[PDB]
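Data block below; observations after.
Chains as they are written, first to last, in the entry's author numbering: chain A, 1 to 108, 110 to 212; chain B, 2 to 100, 109 to 124, 128 to 137, 147 to 199, 204 to 224.
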């Protein structure tokens with residue numbers, strides 16, 4: 001195969017603005033790169049085919065360019081409809097036709114996350130499992146991770162995080178790291194901490210709770 | 002033109018399925034057909050191809066001796082007989098028309122999921150509280166807060182498939198200390218609607 005690498009990972013613009021997307025390759029793919037717009041809950045659609053061409057029905061705000069490895073899709077006057085996920089595909093070394101991992105044109110500063118922790122219920126603790134939850138509220142940028150700790154014992158891979166899309170106003174993100182233990186192992190311990198590390202915090206931050 | 006799929010549903014590791022992309026709007030024979038797929042959350046991955054009459058066929062790796070494409074140039078449809086189905090394959094299947110390697114026309118997709129139970133909702137006590154929607158299949162879910170009243174400060178987190186195959190998400194709200206709070210959880214896919222007060 002041939003690797004197609006897109007970026008930005010996401011565009012955050014309000015209508016009217018100009019959005020520039022990029023699709024880079026590992027080899028020359030000539031002027032054989034196509035673009036795909038995939039509105040929400042819908043199906044992929046042909047935008048610019050070959051790198052400058054606009055398939056039937058496509059407006060002019062969509063402009064394509066590049067030759068070789070580096071390309072660029074350009075949407076000059078963003079419209080509420082143009083807010084979708086844009087894909088790039090190469091049709092040089094066929095097969096396999098490889099695709100770019102996407103770019104989402106989303107709508108409408111470094112803020113340290115506000116941390117909270119949530120002890121397990123009881124209605125849960127009867128089935129036999131305990132789910133401790135950590136919450137990292139509204140923070141920028143995204144990159145930031147959680148290290149759970151069961152009595153100052155770095156924990157490994159028994160947690161699972163989720164992240165909201167970028168808020169339109171704050172320009173932030175949120176995160177739900179859930180540590181899942183047995184009720185037994187749970188009763189077998191003491192301090193349940195969640196150490197948060199993030200760019201907007203000169204000092205790492207913790208939130209704990211003896212049970 | 003109109004490329005439209007069928008065949009999707011739930012199937013478990015081992016079993017197989019068969020789709021089909023029926024054609025209208027055109028002369029289905031003068032074009033090469035395609036199969037592309039979107040694994041929930043990820044992006045685009047092409048799966049296989051077939052030509053004008055049907056002798057040439059190149060597959061994506063990750064398959065064959067598993068995936069087998071075909072077509073009936075007389076009644077206008079495109080086929081894909083999946084077998085050996087795995088988790089990895091859980092995805093939305095598209096069939097695009099070839100131009109070349111130029112899928113100039115797509116279909117609305119069909120969903121194939123590889124894995128039926130309702131969620132066990134538990135409470136998570147400015148402040149911050151929420152609900153833990155746990156162990157349910159399949160997706161999706163919807164969590165409201167106070168029947169649509171509490172909207173500002175809500176963060177329903179995208180969910181996480183677990184080692185069991187039962188999804189579990191979280192929805193949290195940030196409220197100014199000091204009023205009753207209830208989260209409205211509804212798993213339309215299994216008829217499990219659940220409210221849970223929070224204190």
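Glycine included, C-beta positions come from ideal geometry on N, C-alpha and C.
Specify the secondary structure class of residue i as computed by DSSP and reduced to three states.
i, result
"residue 59 of chain B", "coil"
"residue 189 of chain A", "coil"
"residue 184 of chain A", "helix"
"residue 10 of chain B", "strand"
"residue 43 of chain B", "coil"
"residue 143 of chain A", "coil"
"residue 35 of chain B", "strand"
"residue 70 of chain B", "strand"
"residue 100 of chain A", "strand"
"residue 84 of chain B", "coil"
"residue 75 of chain A", "strand"
"residue 27 of chain A", "coil"
"residue 162 of chain B", "coil"
"residue 176 of chain A", "strand"
"residue 59 of chain A", "coil"
"residue 65 of chain B", "coil"
"residue 129 of chain B", "strand"
"residue 192 of chain B", "strand"
"residue 53 of chain A", "strand"
"residue 78 of chain B", "strand"
"residue 119 of chain A", "strand"
"residue 19 of chain B", "strand"
Can you tell me the Cβ-Cβ gap for residue i and residue j, rounded? I've got them flagged as a contact below 8 Å.
i, j, result
"residue 79 of chain B", "residue 96 of chain B", "5 Å"
"residue 150 of chain B", "residue 194 of chain B", "6 Å"
"residue 147 of chain A", "residue 155 of chain A", "Residue 147 of chain A to residue 155 of chain A, Cβ: 12 Å. No contact."
"residue 2 of chain A", "residue 90 of chain A", "6 Å"
"residue 82 of chain B", "residue 91 of chain B", "Wrong, their Cβ atoms sit about 18 Å apart, outside the cutoff."
"residue 82 of chain A", "residue 111 of chain A", "Going by Cβ atoms, the distance from residue 82 of chain A to residue 111 of chain A rounds to 29 Å, so no, they are not a contact pair."
"residue 32 of chain B", "residue 99 of chain B", "5 Å"
"residue 14 of chain B", "residue 86 of chain B", "6 Å"
"residue 156 of chain B", "residue 131 of chain B", "7 Å"
"residue 172 of chain A", "residue 164 of chain A", "Going by Cβ atoms, the distance from residue 172 of chain A to residue 164 of chain A rounds to 14 Å, so no, they are not a contact pair."
"residue 87 of chain A", "residue 44 of chain A", "7 Å"
Determine the extent of the beta strand (DSSP E) in which residue i is found, giving its start and end residues.
i, result
"residue 206 of chain B", "206 to 212"
"residue 64 of chain A", "62 to 66"
"residue 53 of chain B", "Looking at the DSSP string, residue 53 of chain B is not in any beta strand (DSSP E), and its letter there is neither H nor E."
"residue 106 of chain A", "103 to 107"
"residue 95 of chain B", "92 to 95"
"residue 157 of chain B", "150 to 157"
"residue 176 of chain B", "175 to 177"
"residue 38 of chain A", "33 to 38"
"residue 220 of chain B", "217 to 223"
"residue 114 of chain B", "Neither: residue 114 of chain B is in no beta strand (DSSP E) and is coded neither H nor E."
"residue 109 of chain A", "Placed between 108 and 110 in the numbering, residue 109 of chain A has no coordinates, as chain A goes from one to the other without interruption by modelled residues."
"residue 187 of chain B", "From DSSP, residue 187 of chain B is part of no beta strand (DSSP E); its letter is neither H nor E."
Note down, in chain order, all residues in the segment 93 to 105 of chain A with a beta-carbon under 7 Å from any beta-carbon belonging to chain D. Note that chain D does not occur in the displayed structure, where the protein chains are A and B.
Pull out every residue of the segment 46 to 57 of chain B whose Cβ sits closer than 8 Å to any Cβ of chain A, in chain order. Listed in sequence order: 46, 47, 50.
Please confirm if the segment 182 to 191 of chain A is in contact with the segment 22 to 42 of chain B, defined as three or more CB-CB distances below 8 Å between the two stretches. No, the segment 182 to 191 of chain A does not touch the segment 22 to 42 of chain B.
If you measure beta-carbon to beta-carbon, which residues of the segment 164 to 182 of chain B are closer than 7 Å to chain A? Those residues of the segment 164 to 182 of chain B that come within reach of chain A (Cβ to Cβ, closer than 7 Å) are 176, 178, 179, 180, 181.
What are the residues in the segment 174 to 195 of chain A lying within 9 Å of chain B by C-beta distance? From the segment 174 to 195 of chain A, only 175, 176, 177, 179, 181 have a Cβ closer than 9 Å to chain B.
Tell me which residues of the segment 111 to 144 of chain A have at least one Cβ-Cβ distance to chain B shorter than 7 Å, keeping chain order. Of all residues in the segment 111 to 144 of chain A, only 117, 119, 122, 124, 125, 132, 134, 136, 138 place a beta-carbon less than 7 Å from a beta-carbon of chain B.
Decide yes or no for the touch test of the segment 57 to 72 of chain A against the segment 5 to 12 of chain A: beta carbon pairs closer than 8 Å, at least 3 of them. With fewer than three CB-CB distances shorter than 8 Å, the segment 57 to 72 of chain A does not count as touching the segment 5 to 12 of chain A.
Can at least three beta-carbon pairs, one atom from the segment 56 to 66 of chain A and one from the segment 121 to 132 of chain A, be found at a separation below 8 Å? The segment 56 to 66 of chain A vs the segment 121 to 132 of chain A: no contact.
Would the segment 5 to 21 of chain B count as touching the segment 189 to 207 of chain A if we require 3 or more Cβ pairs under 8 Å? With fewer than three CB-CB distances shorter than 8 Å, the segment 5 to 21 of chain B does not count as touching the segment 189 to 207 of chain A.
Along the segment 60 to 91 of chain A, what residues have a CB closer than 9 Å to any CB found in chain B? Cβ contacts with chain B come from 85, 87, 89, 90, 91.
Contact the segment 197 to 205 of chain A vs the segment 58 to 74 of chain B: 3+ CB pairs below 8 Å: Touching, no.
Is it true that the segment 180 to 199 of chain B meets the segment 159 to 171 of chain B, where meeting means three or more beta-carbon pairs spaced less than 8 Å apart? Flag = yes, the segment 180 to 199 of chain B and the segment 159 to 171 of chain B touch.
Under 9 Å, CB to CB, which of the residues in the segment 13 to 26 of chain A have a partner in chain B? Cβ contacts with chain B: none found.
Scan the segment 75 to 98 of chain B for residues whose Cβ lies nearer than 8 Å to a Cβ of chain A and list them as they occur along the chain. Within the segment 75 to 98 of chain B, the residues whose Cβ lies closer than 8 Å to some Cβ of chain A are 95, 97, listed in chain order.
For the segment 31 to 51 of chain A, list every residue whose C-beta sits within 9 Å of some C-beta in chain B, in sequence order. Cβ proximity to chain B below 9 Å picks out 32, 34, 36, 38, 42, 43, 44, 45, 46, 49, 50 from the segment 31 to 51 of chain A.
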